[PDB]
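Here's the structure, in structure tokens; my notes come after.
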Number of protein chains: 2
Amino acid sequence: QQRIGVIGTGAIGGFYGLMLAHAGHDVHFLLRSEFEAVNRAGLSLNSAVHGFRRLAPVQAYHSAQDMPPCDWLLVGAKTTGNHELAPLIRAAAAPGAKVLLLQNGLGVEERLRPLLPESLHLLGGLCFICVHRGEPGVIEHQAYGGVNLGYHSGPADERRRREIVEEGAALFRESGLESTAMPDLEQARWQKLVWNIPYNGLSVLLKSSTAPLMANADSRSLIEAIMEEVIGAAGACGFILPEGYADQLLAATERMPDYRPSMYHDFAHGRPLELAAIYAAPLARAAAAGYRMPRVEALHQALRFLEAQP
Amino acid sequence: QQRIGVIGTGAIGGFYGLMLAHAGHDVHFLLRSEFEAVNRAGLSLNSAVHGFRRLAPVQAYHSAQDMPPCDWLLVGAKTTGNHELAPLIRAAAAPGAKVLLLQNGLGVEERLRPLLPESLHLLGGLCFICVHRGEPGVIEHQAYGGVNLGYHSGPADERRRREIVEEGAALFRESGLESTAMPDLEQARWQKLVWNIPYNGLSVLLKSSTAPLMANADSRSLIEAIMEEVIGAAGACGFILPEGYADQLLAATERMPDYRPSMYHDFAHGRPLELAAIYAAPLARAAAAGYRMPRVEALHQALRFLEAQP
Ligand SMILES: CC[C@H](C)C(=O)C(=O)O
Ligand SMILES: CC[C@H](C)C(=O)C(=O)O
């Protein structure tokens with residue numbers, strides 16, 4: 001039994017924290033939003049994969065200083081608040097705790113590492129999951145859920161890193177989730193970028209969810225062209241993606257229930273979009289490697305313009 | 001004194017027809033929309049260049065068959081209705097009449113020529129003008145107005161073509177308008193594409209007019225990148241554009257009053273967008289020449305998706 005801290009309990013942190021708690025883990029949730037609703041009513045999950053689950057009462061906190069020291073810290077906040085997140089992580093971390101960033105984008109761990117003690121293990125978890133907040137304290141899980149974990153930084157030699165990644169994967173597999181130990185975290189992040197870069201931004205720009213985007217020949221063609229830009233950029237930066245990865249991802253999204261990506265909800269509620277991690281960082285890495293992504297570049301420009309308007 | 005027929009009296013046909021009529025020309029207007037409002041109240045112009053002008057009564061018609069034979073036919077309709085326009089043009093044309101397409105896009109005359117007798121002269125007129133319909137029968141002219149004319153097809157040898165283009169330019173110059181006889185109609189159309197391709201589509205996609213688009217660093221950078229794609233495509237198809245044409249066009253739009261391109265109004269009223277002439281035709285010409293325009297291609301895809309939605 002591990003003591004798990006969830007720093008940022010949105011849809012992502014709520015889902016994985018509840019799943020771990022239901023597998024018998026000791027999970028402590030840090031709430032910045034919905035603290036009293038959740039500490040009242042608890043945490044509920046409607047899931048087309050796992051059925052209905054409820055956590056009540058929940059070990060809930062409004063302040064990281066009140067949390068007990070945790071051996072694993074799952075970070076489910078958006079990448080936009082990661083700077084402000086570091087003191088909360090340090091406060092809740094037991095000595096040698098493992099920090100797992102259940103976050104999308106590129107370069108996330110690298111930008112957080114300067115703010116975390118080198119005695120902490122820093123890992124990324126790429127979640128392929130259709131999940132969003134419903135009513136307060138209610139998580140709506142539509143499909144998937146698997147987590148690809150990888151190691152970024154920490155006081156672990158090269159054998160120990162593989163061991164720690166497996167320990168993390170086993171946590172999720174023990175909870176009934178698909179989980180894979182990745183050899184290369186950056187390669188894993190490029191894999192997830194091929195999905196988030198087209199679908200997150202186009203859902204905002206075209207005011208659409210996955211099903212209309214895939215039913216229309218023109219948006220389907222645009223999504224595939226953007227995918228090939230990310231695949232190319234990754235190759236230019238030294239990362240091989242699997243053969244025919246674009247059709248592989250396109251087919252999974254046709255199978256996918258009609259889904260609004262997180263960035264769609266962010267723009268719908270006036271929250272800041274995750275542009276820095278999902279677009280700016282890959283574009284800069286692609287530029288430094290001499291590789292141009294014209295469609296992604298223009299999509300990023302369009303999203304920055306939309307964010308600056310009324 | 002020429003007898004002028006205006007086939008399609010929107011903002012563009014209304015403006016140039018009224019200006020010609022005010023210079024003493026005998027102008028006959030074909031109205032598909034606002035016929036009874038215009039035949040009632042007449043045609044009014046609020047213009048920051050020419051001041052207020054009114055045409056009342058107007059020689060108005062609901063049917064091309066009622067029009068007298070005209071020596072010049074000014075076509076101010078959108079490019080979307082050009083197929084249906086041909087019988088109206090043939091009906092209103094005097095023998096050897098000149099047909100002048102005051103329309104944007106590429107390949108417009110080529111697609112209309114099969115539907116017009118070869119005894120008619122077919123010309124294009126590229127209008128650089130900020131104009132839109134206000135209240136019914138009222139034209140709102142914000143800036144510019146110049147017309148670059150060029151010859152496409154007709155029963156005229158090579159000397160006569162220059163003469164006819166000059167005759168047309170003189171018509172507009174005699175009415176107080178800037179007008180230039182172009183040696184090459186297709187080159188002139190590529191020139192105007194550098195403005196319409198970015199600004200028309202981005203105004204729809206970003207729900208914005210020219211001033212916010214130019215005030216924002218990201219949209220300004222995107223507009224310039226799109227301009228360079230069109231300049232490159234034109235060069236690939238064998239047409240040289242003037243040196244630094246992009247900055248030349250960008251500076252004119254900074255000077256320009258806040259302006260909603262025609263395509264913005266089209267999408268706002270549920271009218272079909274001019275995608276075929278402004279995007280599809282240049283993209284196909286660029287493809288046939290081995291030149292790729294990734295941003296324009298993606299912009300075109302986005303606009304086709306938006307048109308197919310609710
Ligand atoms: C299956 C991919 C899923 C939609 C996801 O993980 C995301 O929204 O980023
Ligand atoms: C000056 C360019 C003007 C805005 C125009 O001609 C158009 O809308 O197509």
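Just remember, in the structure tokens the first chain shown is A, the second B, etc., residues are 1-based per chain, and ligands are 1-based in the order shown.
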Quick one: contact table of chain A to chain B, 7 Å max, nearest atom pair and distance in Å to one decimal per residue, counting only C-alpha atoms, chain and number order, as a tab-separated table?
residue	atom	partner	partner_atom	distance
A:206	CA	B:306	CA	6.9
A:216	CA	B:305	CA	6.7
A:218	CA	B:301	CA	5.0
A:219	CA	B:305	CA	6.1
A:222	CA	B:298	CA	6.1
A:294	CA	B:295	CA	6.4
A:295	CA	B:295	CA	5.6
A:298	CA	B:222	CA	6.1
A:301	CA	B:218	CA	5.0
A:302	CA	B:219	CA	6.6
A:304	CA	B:218	CA	6.7
A:305	CA	B:218	CA	6.1
A:306	CA	B:206	CA	6.9
Serialized selection, N, CA, C and O atoms, as a PDB file, in the first residue's frame:
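Heads up, here's the output in again.pdb:
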ATOM      1  N   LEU A 206     -12.420  25.105 -34.812  1.00  0.00           N
ATOM      2  CA  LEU A 206     -13.587  24.736 -35.598  1.00  0.00           C
ATOM      3  C   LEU A 206     -14.833  24.525 -34.751  1.00  0.00           C
ATOM      4  O   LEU A 206     -15.874  24.156 -35.301  1.00  0.00           O
ATOM      5  N   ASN A 216     -16.126  14.653 -41.606  1.00  0.00           N
ATOM      6  CA  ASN A 216     -15.969  15.596 -42.705  1.00  0.00           C
ATOM      7  C   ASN A 216     -14.646  15.337 -43.417  1.00  0.00           C
ATOM      8  O   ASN A 216     -13.590  15.288 -42.776  1.00  0.00           O
ATOM      9  N   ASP A 218     -12.807  17.145 -45.315  1.00  0.00           N
ATOM     10  CA  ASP A 218     -11.807  18.207 -45.310  1.00  0.00           C
ATOM     11  C   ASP A 218     -11.095  18.303 -43.967  1.00  0.00           C
ATOM     12  O   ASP A 218      -9.869  18.464 -43.920  1.00  0.00           O
ATOM     13  N   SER A 219     -11.840  18.220 -42.863  1.00  0.00           N
ATOM     14  CA  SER A 219     -11.193  18.231 -41.554  1.00  0.00           C
ATOM     15  C   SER A 219     -10.412  16.943 -41.313  1.00  0.00           C
ATOM     16  O   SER A 219      -9.344  16.969 -40.689  1.00  0.00           O
ATOM     17  N   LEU A 222      -7.200  17.467 -43.103  1.00  0.00           N
ATOM     18  CA  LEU A 222      -6.364  18.424 -42.390  1.00  0.00           C
ATOM     19  C   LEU A 222      -5.732  17.789 -41.151  1.00  0.00           C
ATOM     20  O   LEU A 222      -4.547  18.008 -40.867  1.00  0.00           O
ATOM     21  N   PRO A 294       4.413  24.005 -40.950  1.00  0.00           N
ATOM     22  CA  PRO A 294       3.618  25.198 -41.301  1.00  0.00           C
ATOM     23  C   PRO A 294       2.194  25.160 -40.776  1.00  0.00           C
ATOM     24  O   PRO A 294       1.720  26.166 -40.235  1.00  0.00           O
ATOM     25  N   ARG A 295       1.497  24.028 -40.889  1.00  0.00           N
ATOM     26  CA  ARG A 295       0.117  23.981 -40.413  1.00  0.00           C
ATOM     27  C   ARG A 295       0.046  24.112 -38.894  1.00  0.00           C
ATOM     28  O   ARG A 295      -0.806  24.839 -38.369  1.00  0.00           O
ATOM     29  N   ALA A 298       0.690  27.683 -37.953  1.00  0.00           N
ATOM     30  CA  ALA A 298      -0.454  28.553 -38.202  1.00  0.00           C
ATOM     31  C   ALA A 298      -1.592  28.270 -37.227  1.00  0.00           C
ATOM     32  O   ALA A 298      -2.269  29.199 -36.771  1.00  0.00           O
ATOM     33  N   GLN A 301      -0.694  30.054 -34.114  1.00  0.00           N
ATOM     34  CA  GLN A 301      -0.964  31.478 -34.268  1.00  0.00           C
ATOM     35  C   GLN A 301      -2.455  31.772 -34.140  1.00  0.00           C
ATOM     36  O   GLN A 301      -2.849  32.728 -33.463  1.00  0.00           O
ATOM     37  N   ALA A 302      -3.301  30.953 -34.770  1.00  0.00           N
ATOM     38  CA  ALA A 302      -4.740  31.184 -34.698  1.00  0.00           C
ATOM     39  C   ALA A 302      -5.248  31.066 -33.266  1.00  0.00           C
ATOM     40  O   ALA A 302      -6.096  31.854 -32.833  1.00  0.00           O
ATOM     41  N   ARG A 304      -3.513  31.525 -30.433  1.00  0.00           N
ATOM     42  CA  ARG A 304      -3.056  32.685 -29.675  1.00  0.00           C
ATOM     43  C   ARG A 304      -3.901  33.918 -29.986  1.00  0.00           C
ATOM     44  O   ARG A 304      -4.227  34.697 -29.081  1.00  0.00           O
ATOM     45  N   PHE A 305      -4.275  34.112 -31.257  1.00  0.00           N
ATOM     46  CA  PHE A 305      -5.162  35.224 -31.598  1.00  0.00           C
ATOM     47  C   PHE A 305      -6.511  35.075 -30.905  1.00  0.00           C
ATOM     48  O   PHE A 305      -7.026  36.031 -30.314  1.00  0.00           O
ATOM     49  N   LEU A 306      -7.105  33.879 -30.979  1.00  0.00           N
ATOM     50  CA  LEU A 306      -8.402  33.662 -30.349  1.00  0.00           C
ATOM     51  C   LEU A 306      -8.342  33.930 -28.850  1.00  0.00           C
ATOM     52  O   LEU A 306      -9.277  34.501 -28.277  1.00  0.00           O
TER      53      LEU A 306
END
*For residue 257 (chain A), work out the shell of residues within 8 Å, counting only C-alpha atoms and skipping chain neighbours fewer than 6 positions away, then give it as a list in words.*
residues 142, 143, 210 and 211 of chain A
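Near residue 192 (chain B), within a cut-off of 8 Å and counting only C-alpha atoms, sit the residues residues 104, 105, 126, 128, 188, 189, 195 and 196 of chain B, with same-chain residues fewer than 3 positions away left out.
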Using N, CA, C and O atoms, can you export the residues from the last selection as a CSV table (one decimal), in the first residue's frame?
chain,number,residue,atom,x,y,z
B,104,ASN,N,-13.4,38.7,-57.7
B,104,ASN,CA,-12.2,38.2,-57.2
B,104,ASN,C,-12.0,36.8,-57.5
B,104,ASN,O,-12.8,36.1,-58.2
B,105,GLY,N,-10.8,36.2,-57.1
B,105,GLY,CA,-10.5,34.8,-57.3
B,105,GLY,C,-9.6,34.7,-58.6
B,105,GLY,O,-9.1,35.6,-59.1
B,126,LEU,N,-10.2,43.8,-61.4
B,126,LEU,CA,-9.8,43.6,-60.0
B,126,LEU,C,-10.0,44.9,-59.2
B,126,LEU,O,-9.3,45.8,-59.4
B,128,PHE,N,-9.9,47.0,-55.9
B,128,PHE,CA,-9.3,47.2,-54.5
B,128,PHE,C,-10.2,48.2,-53.9
B,128,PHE,O,-10.0,49.4,-54.1
B,188,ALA,N,-2.7,40.0,-62.9
B,188,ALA,CA,-3.4,40.9,-62.0
B,188,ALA,C,-4.3,40.1,-61.0
B,188,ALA,O,-4.4,40.6,-59.9
B,189,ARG,N,-4.8,39.0,-61.4
B,189,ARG,CA,-5.7,38.2,-60.5
B,189,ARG,C,-4.8,37.6,-59.4
B,189,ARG,O,-5.3,37.5,-58.2
B,195,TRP,N,-4.2,39.4,-51.3
B,195,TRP,CA,-5.0,40.1,-50.3
B,195,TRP,C,-6.2,39.2,-49.9
B,195,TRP,O,-6.4,39.0,-48.7
B,196,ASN,N,-6.9,38.7,-50.9
B,196,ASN,CA,-8.2,38.0,-50.5
B,196,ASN,C,-7.9,36.7,-49.8
B,196,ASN,O,-8.7,36.3,-49.0
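Between CA of residue 62 (chain B) and CA of residue 34 (chain B) there is a distance of 9.4 Å.
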_Report as a count of residues only all protein, DNA and RNA residues lying within 10 Å of residue 164 (chain A), evaluated on only C-alpha atoms, omitting residues in the same chain fewer than 5 positions from it._
11
_All residues 10 Å or closer to residue 24 (chain A), only C-alpha atoms, same chain fewer than 6 positions away omitted, as a ChimeraX atom specification_ = /A:1-2,18,174-175
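Of note, CA of residue 239 (chain B) and CA of residue 190 (chain B) are spaced 7.9 Å apart.
For the set A:73, A:147, A:130, A:230, the residue with the smallest atom-to-atom gap to ligand 1 is A:130, counting only C-alpha atoms and all ligand atoms.
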Each residue of chain B lying at most 12 Å from ligand 2 should get a row with its shortest atom-to-atom pair and the distance in Å to one decimal, counting only C-alpha atoms and all ligand atoms; could you produce that, ordered by chain and increasing number, as CSV?
residue,atom,partner,partner_atom_place_in_ligand_line,distance
B:11,CA,ligand 2,8 (O),10.6
B:12,CA,ligand 2,6 (O),9.5
B:78,CA,ligand 2,9 (O),11.1
B:102,CA,ligand 2,6 (O),10.1
B:103,CA,ligand 2,9 (O),8.6
B:104,CA,ligand 2,9 (O),6.7
B:105,CA,ligand 2,9 (O),9.3
B:125,CA,ligand 2,6 (O),10.8
B:126,CA,ligand 2,6 (O),7.6
B:127,CA,ligand 2,6 (O),5.2
B:128,CA,ligand 2,6 (O),3.5
B:129,CA,ligand 2,6 (O),4.1
B:130,CA,ligand 2,4 (C),4.6
B:131,CA,ligand 2,8 (O),7.3
B:132,CA,ligand 2,8 (O),8.8
B:141,CA,ligand 2,3 (C),10.6
B:142,CA,ligand 2,4 (C),9.4
B:143,CA,ligand 2,1 (C),7.4
B:144,CA,ligand 2,1 (C),6.3
B:145,CA,ligand 2,1 (C),7.6
B:146,CA,ligand 2,6 (O),8.7
B:147,CA,ligand 2,6 (O),9.1
B:148,CA,ligand 2,6 (O),10.9
B:189,CA,ligand 2,9 (O),11.3
B:191,CA,ligand 2,2 (C),11.0
B:192,CA,ligand 2,9 (O),7.6
B:193,CA,ligand 2,9 (O),8.7
B:194,CA,ligand 2,2 (C),10.1
B:195,CA,ligand 2,2 (C),6.8
B:196,CA,ligand 2,9 (O),5.6
B:197,CA,ligand 2,9 (O),9.3
B:198,CA,ligand 2,9 (O),10.7
B:199,CA,ligand 2,8 (O),8.3
B:200,CA,ligand 2,8 (O),7.4
B:201,CA,ligand 2,8 (O),11.2
B:203,CA,ligand 2,8 (O),10.9
B:209,CA,ligand 2,4 (C),10.3
B:210,CA,ligand 2,4 (C),8.7
B:211,CA,ligand 2,4 (C),11.7
B:248,CA,ligand 2,1 (C),11.8
B:249,CA,ligand 2,1 (C),8.8
B:250,CA,ligand 2,1 (C),10.5
B:251,CA,ligand 2,1 (C),11.0
B:252,CA,ligand 2,1 (C),7.6
B:253,CA,ligand 2,1 (C),7.2
B:254,CA,ligand 2,1 (C),10.7
B:255,CA,ligand 2,1 (C),10.1
B:256,CA,ligand 2,1 (C),7.5
B:257,CA,ligand 2,4 (C),9.6
B:258,CA,ligand 2,4 (C),9.8
B:259,CA,ligand 2,4 (C),7.0
B:260,CA,ligand 2,8 (O),7.7
B:261,CA,ligand 2,8 (O),4.7
B:262,CA,ligand 2,8 (O),5.7
B:263,CA,ligand 2,8 (O),8.3
B:264,CA,ligand 2,8 (O),9.8
B:265,CA,ligand 2,8 (O),10.7
B:266,CA,ligand 2,8 (O),11.9
B:274,CA,ligand 2,9 (O),11.2
B:278,CA,ligand 2,9 (O),10.3
